[PDB]
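Structure, as structure tokens:
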Amino acid sequence: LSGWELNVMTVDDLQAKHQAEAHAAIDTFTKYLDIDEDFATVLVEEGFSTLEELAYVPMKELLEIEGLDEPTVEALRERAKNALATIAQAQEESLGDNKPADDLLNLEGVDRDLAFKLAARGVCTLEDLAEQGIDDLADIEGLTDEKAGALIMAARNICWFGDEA
Numbered sequence: 331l332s333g334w335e336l337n338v339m340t341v342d343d344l345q346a347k348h349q350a351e352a353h354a355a356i357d358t359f360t361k362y363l364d365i366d367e368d369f370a371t372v373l374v375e376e377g378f379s380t381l382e383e384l385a386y387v388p389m390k391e392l393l394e395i396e397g398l399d400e401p402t403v404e405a406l407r408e409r410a411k412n413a414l415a416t417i418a419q420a421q422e423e424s425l426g427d428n429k430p431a432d433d434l435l436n437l438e439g440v441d442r443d444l445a446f447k448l449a450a451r452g453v454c455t456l457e458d459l460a461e462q463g464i465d466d467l468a469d470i471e472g473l474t475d476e477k478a479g480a481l482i483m484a485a486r487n488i489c490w491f492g493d494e495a
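Mind the numbering: the sequence shown is residues 331 to 495 in PDB author numbering, read in order.
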């Protein structure tokens, strides 16, 4: 009715969703206050995770944590660089939901993009590739009809006609 995909999943502790991220995921400031540990109570009302609308902000917003000197802003910039590297790695890993290992290029003619698109079709490993034919191995960027037929025939020979493991 409202048009929003609601969320009704969990009834267990911290189900309020208002404090479910307060102190349930505490590993956010890994190496930030590397001088010591007794300064004040932790401050969560800013997020500690965004680092985009928080890294370079005027002094009126970063005043919530006192001691906004040059070492503080430099450590904040370093933590921002690290978080940006982490989200870059997460983006590079979450795009290709195929997990291409070195066990995908043992044939003669297959390349990286072919294996990427083939596994992105909805399959994972050779155990679930010889069950199809031209219907998926064709129309790929770099494969014709005869090449796809020959490759799927080789797959059927190595899986259906050989029966080895």
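By construction, the Cβ of each residue, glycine as well, lies at the ideal position given by its N, Cα and C atoms.
Q | Straight-line Cα distance separating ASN337 from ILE482 | A | 43 Å
Q) Grouping DSSP H, G and I as helix and E and B as strand, with all else coil, what is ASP399? A) DSSP, reduced to helix, strand and coil, places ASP399 outside both helices and strands of the structure shown, so it counts as coil.
Q) What residue range is occupied by the uninterrupted alpha helix (DSSP H) comprising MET339? A) Counting along the chain, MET339 falls outside any alpha helix (DSSP H), and DSSP gives it neither H nor E.
Q | Ordered list of alpha helix (DSSP H) runs contained in the stretch 387-470, each at least 4 residues | A | 400-425, 442-450, 464-467
Q: Measure the Cβ-Cβ separation of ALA450 and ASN428 and say whether it is below 8 Å.
A: yes
Q) Going by other Cβ atoms of all chains shown within 10 Å of its Cβ, with 16 needed for buried, is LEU331 buried or exposed? A) With a threshold of 16 other beta carbon atoms within 10 Å, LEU331 falls short and is exposed.
Q) What are the boundary residues of the alpha helix (DSSP H) that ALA478 is part of? A) 475-489
Q) Residues in its own chain within less than 7 Å of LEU384 by CB, not counting five upstream and five downstream? A) Residues of the same chain with a CB within less than 7 Å of the CB of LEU384, apart from the 5 flanking positions on each side, are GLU376, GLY377 in chain order.
Q: Go ahead and label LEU434 buried or exposed: buried means 16 or more other beta carbons lie within 10 angstroms of its beta carbon, across all protein chains shown.
A: Buried is the call here.
Q. Given that a residue counts as buried once 16 or more other Cβ atoms are within 10 Å of its Cβ, and exposed if not, what is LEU398?
A. exposed
Q. Assuming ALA480 and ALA468 make a contact with CB atoms under 8 Å, what is their CB distance in whole Å?
A. Wrong, their Cβ atoms sit about 11 Å apart, outside the cutoff.
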